[PDB]
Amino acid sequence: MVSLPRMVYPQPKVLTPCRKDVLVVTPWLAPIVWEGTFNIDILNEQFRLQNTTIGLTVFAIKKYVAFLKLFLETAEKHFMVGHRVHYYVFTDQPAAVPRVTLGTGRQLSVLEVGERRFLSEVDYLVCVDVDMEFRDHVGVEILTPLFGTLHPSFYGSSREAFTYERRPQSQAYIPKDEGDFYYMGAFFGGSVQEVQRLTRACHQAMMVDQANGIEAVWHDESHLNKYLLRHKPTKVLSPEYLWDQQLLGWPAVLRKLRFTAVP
């Protein structure tokens, strides 16, 4: 709404693309987020002027509570620093959640397991796996109504090789001649409204499948892929945002490894 203040930064050059080695915009005109495609100062200004609050949700059930300390401490160094952040930790062991020191404007809620809340508390929801650590900047460049992340093992694969659910009997079914990308279930998000629409659709689809005695090959991730095929994401995150260095190394196409699998 409000005007940006005067800012001094390099002029963007029309006849000079930032990245020539990768696709930076999808066929439906959604940016694909890679290092070099965004000026974080301009984006931070835009989002701070709106007093943006980001919710970060993670599940830590059974032995996975062990991953919380590193996850949260690294999120404090790299995730949305400067912005309001609300962590939501869903766990079966509330007393096992580590006591992590948080920066100002950041809070954590422990929710025991064994909603309209989000609508009134945050503007965007980011949903990720907990067996991970942040190694570099993950900020407002990802925020948009609905986003998915390119799975690190398939970003260079032909659609026929994607491990989508291939049985027509499943709600997650995607035939061999369809598909844009293979999105990983470990990192998705968007506005609260869009994330709840997505989770509701996948939940209903999974219930239909269960009633028909079938379980999608990659569970929730198969359904996330069917949803994002039919409801195109407004931004797509590159594999910089979901990487496994032990498994895949550090390819030239990745200028930064931002959020990675814990060995």
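Numbers for residues come from their place in the sequence shown, where the first is 1.
*Asks:* In terms of residues present in the deposited sequence but not modelled, what lies between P168 and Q169: none, 1 to 3, 4 to 9, or 10 or more?
*Replies:* In the deposited sequence, nothing is left without coordinates between these two.
*Asks:* Using only C-alpha atoms and the B-factors in the entry, which stretch averages higher, 214-222 or 31-39?
*Replies:* Mean B over CA atoms: larger for 214-222.
*Asks:* Averaging C-alpha B-factors over each stretch, which comes out higher, 68-76 or 151-159?
*Replies:* Averaging CA B-factors over each stretch, the winner is 151-159.
*Asks:* In the PDB entry, which of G189, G114, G139, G185 has its C-alpha at the highest B-factor?
*Replies:* It is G114.
*Asks:* Taking the Cα B-factors listed in the entry, which of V81, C127, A96, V130 comes out highest?
*Replies:* Comparing C-alpha B-factors across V81, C127, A96, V130, the maximum falls on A96.
*Asks:* Compared with the other modelled residues in the chain, in which third is the CA B-factor of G249?
*Replies:* Within its chain, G249 is a middle-third residue by C-alpha B-factor, going by the deposited values.
*Asks:* In terms of the chain's CA B-factor thirds, is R48 lowest, middle or highest?
*Replies:* Its C-alpha B-factor, which the entry lists for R48, ranks in the middle third among residues of this chain.
*Asks:* Against its chain's modelled residues, does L119's Cα B factor rank lowest, middle or highest third?
*Replies:* It falls in the top third of the chain.
*Asks:* What third of its chain's C-alpha B-factors does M207 belong to: lowest, middle or highest?
*Replies:* According to the entry, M207 has a C-alpha B-factor in the chain's highest third.
*Asks:* Tell me, lowest, middle or highest third: where does the Cα B factor of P175 rank within its chain?
*Replies:* For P175, the deposited C-alpha B-factor lands in the highest third.
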